[PDB]
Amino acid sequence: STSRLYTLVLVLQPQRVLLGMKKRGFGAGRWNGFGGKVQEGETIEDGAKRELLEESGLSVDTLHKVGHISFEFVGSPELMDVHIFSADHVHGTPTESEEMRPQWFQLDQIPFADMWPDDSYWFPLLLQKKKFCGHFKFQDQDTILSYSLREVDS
């Protein structure tokens, strides 16, 4: 049983981060970066850009490679293969979409309590400008059974 490709784009700036409140579907009622499924016929980076445009209304020329996290759940055959990107520069205005309502948070005021539990572990690596690689086994949606997390030169 193989995995499916996901992207996650974190809109960063010197003092703040633009998260998105998920309004519907998987992760509804939680703050997260912008992203979703990688389709057939686009590269992973194209998918990241697309989902950022569609969910926030923002454009980019380029993204940074910051993380590669593989998620799995107990009693589930399908794995999430997440390619995490930072967008430290953006064009346009943040606009509320059907799927996401964007909001700015200062980097010392990130609402980890209402984000996915894994974010508390890998966000510090992102904010130190470290590239990271890891696996997370979830018991349920609020409970990490086991996890592995390391930095990489890549």
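One-based numbering along the sequence shown.
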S86, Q128, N32, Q103, ranked by C-alpha B-factor: the highest one
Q128
Sorting the chain's modelled residues by C-alpha B-factor, tell me whether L149 ends up in the lowest, middle or highest third.
middle
Chain-relative CA temperature factor third for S120
lowest
Here the Cα B-factor of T95, set against its chain, lands in the third termed middle
Chain-relative CA temperature factor third for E51:
highest
Could you tell me which third, lowest, middle or highest, the C-alpha B-factor of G20 occupies within its chain?
lowest
